[PDB]
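Residue numbers (the authors' numbering), protein chains in the order written: chain A, 257 to 327, 345 to 374, 378 to 381, 385 to 392, 394 to 396, 401 to 414, 417 to 476, 479 to 492, 501 to 513; chain B, 258 to 326, 344 to 371, 378 to 381, 386 to 392, 394 to 396, 398 to 476, 479 to 492, 498 to 512. Using N, Cα and C, we set each Cβ at its ideal position, and we do this for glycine too. To keep things clear, I will list the structure first and then write my remarks on it.
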Ligand SMILES: *[C@@H]1O[C@H](CO)[C@@H](O)[C@H](O)[C@H]1NC(C)=O
Ligand SMILES: *[C@@H]1O[C@H](CO)[C@@H](O)[C@H](O)[C@H]1NC(C)=O
Ligand SMILES: *[C@@H]1O[C@H](CO)[C@@H](O)[C@H](O)[C@H]1NC(C)=O
Ligand SMILES: *[C@@H]1O[C@H](CO)[C@@H](O)[C@H](O)[C@H]1NC(C)=O
């Protein structure tokens, strides 16, 4: 029943990741006693939501691994670059606002007449002979992966995805829903053979929309 | 003739001198290292452009030679930051992946840091361990250290200083002189006993006229 320091931290990280809408499952059993024994405060959804908000926006100086700022085992506050929120089943490298100097979340675009090296206003494809990166500029327009293993980078949180379907982006709640403005999807060509991305390619100052299936390898 | 590592350190030395971070350099044999390894000329124009592309208009990946896009620097396996280390001075410079750079009136204290009432300075003491940070908000107004060893952080480049006098900040040239918008000065109290920082404390509604009085921060 009693949870150790690392186990309680991993459960704390697991719930924070689920509120970020990065994972679809969680394991948060036993977190109430770990908080009231180490943190000393309640760990309800309000506590976490405020912690996520304070971390990604309105950040102030240093913090701790429990994502607490200040203007017993987590009182050292030797963290300002980034924080590695790792629950054991899914890891994420999240960057605080203290490192950055997120949009406030749309419309549906009309249809234009190929669905299968592209020419999209919303997509930027780069090929490094060293991998393939497909940067997107319209994060609300989704890019569903299929039979793929990617790592997506951003200015809010970097992490790797293998679940097929819609890409899960972090979403902060502070007077509304805040989503990143743009994210980049890197794909290792050397296991990713049958990887297919289905997206909506945008053609031009009115914009147009047509589906396309971009496959790598 | 200079080896690969030695040529890189001299390459870093010239970039550091152009950044106005160091006052001395060792660049003898650097042109031969460039035309033999880089394949391009290594004049002040070449370096100035490399500094320009690195700190502004940066786009994606680069190499330790500050080039963006047997050729030992064609793999472009470098992201995040670059450690410009010449052997005599190290600096962790971050690419964008800067202000453009007035006199304030005078007001009538001459010396703790718990209270300095400065609009230009934000003094924090981290009892969280053993360190003192004095954030500055007006980089043009200089803070001269005396008998001190600090490490200054910024959004352009982190490095440590021990030379007494004005703090040396990076300066990028692109249609003008660009300096960082704000820098942080950390001081480890646990060798840094005789440290004295002399700065211009800013005192005194939106209609408030701006004022200035000298102050000597003792640690
Ligand atoms: C975000 O947008 C919503 C739109 O209704 C608005 O109500 C809210 O105040 C905005 N929040 C911020 C922080 O801009
Ligand atoms: C991604 O999947 C969702 C859910 O089925 C779908 O509505 C959307 O159209 C897909 N993406 C594109 C670009 O079609
Ligand atoms: C700085 O001033 C110079 C000289 O007028 C100008 O060319 C340059 O665009 C300015 N840069 C910024 C960022 O204001
Ligand atoms: C620092 O040194 C310069 C040297 O010219 C001097 O003018 C200035 O008054 C000193 N103090 C400050 C706060 O800059």
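Looking at ligand 2, does it come within less than 6 Å of residue 428 of chain A, judged from the CB to the closest heavy atom?
yes
What does residue 351 of chain B reach in chain A if we use C-beta pairs closer than 9 Å?
Listed along the chain, the chain A residues whose CB falls inside 9 Å of the CB of residue 351 of chain B are 414.
Exposure label - residue 370 of chain B; buried when at least 16 CB within 10 Å:
exposed
Just checking, does the region 354-367 of chain A make contact with the region 416-433 of chain B on the three C-beta pairs under 8 Å criterion?
no
Could you work out which residue in B:323, B:486, B:299, B:380 is closest to residue 429 of chain B when comparing CA atoms only?
B:486
When you compare each of A:469, A:450, A:380 to residue 480 of chain A by their alpha carbons, which one comes out closest?
A:450
If contacts are defined as beta-carbon pairs under 8 Å, then residue 267 of chain A and residue 284 of chain A qualify, I think. What distance do you get, rounded to the angstrom?
5 Å
In the region 269-305 of chain A, which residue ranges form an unbroken alpha helix (DSSP H) of at least 4 residues, counting only runs that do not cross its ends?
287-290
Pocket of ligand 1 (residues with CB nearer than 7 Å to any heavy atom), chain order:
A:380, A:460, A:461, A:462
Need the endpoints of the beta strand (DSSP E) that residue 484 of chain A sits in, please.
484-491
In angstroms, rounded to a whole number, what distance separates the CA positions of residue 403 of chain A and residue 391 of chain A?
Going by C-alpha positions, residue 403 of chain A is about 14 Å away from residue 391 of chain A.
List, in order along the chain, the chain B residues whose C-beta lies closer than 7 Å to that of residue 366 of chain A?
Going along chain B, no residue has its Cβ under 7 Å from residue 366 of chain A, so there is no contact; the nearest lies around 11 Å.
Go to residue 412 of chain B, then tell me how far its beta strand (DSSP E) extends in each direction, as first and last residue.
407-412
Along the chain, where does the beta strand (DSSP E) containing residue 365 of chain B start, and where does it finish?
364-367
Measuring straight from C-alpha to C-alpha, what distance separates residue 295 of chain B and residue 445 of chain A?
35 Å
Skipping 5 residues on each side, what residues in its chain have a beta carbon closer than 6 Å to that of residue 471 of chain A?
Cβ within range, chain order: 420, 436, 438.
The region 403-415 of chain B touching the region 460-468 of chain B, judged by at least three CB pairs closer than 8 Å:
no
Quickly, what does DSSP pair residue 443 of chain B with across the bridge? List them, please.
B:367
Would you mind telling me which residues of chain B sit closer than 8 Å to residue 476 of chain A, beta carbon to beta carbon, in chain order?
Neighbours of residue 476 of chain A on chain B: none; closest Cβ ~15 Å, over 8 Å.
Would the beta-carbon of residue 264 of chain B fall within 7 Å of that of residue 290 of chain B?
yes
Just to make sure I have the definition right: I need the residues of chain B whose C-beta is within less than 9 Å of the C-beta of residue 348 of chain A. Which are they?
414
Determine the contact status of residue 395 of chain A and residue 509 of chain A, defining contact as a CB-CB distance below 7 Å.
yes
Coil, strand or helix - residue 319 of chain B by DSSP
strand
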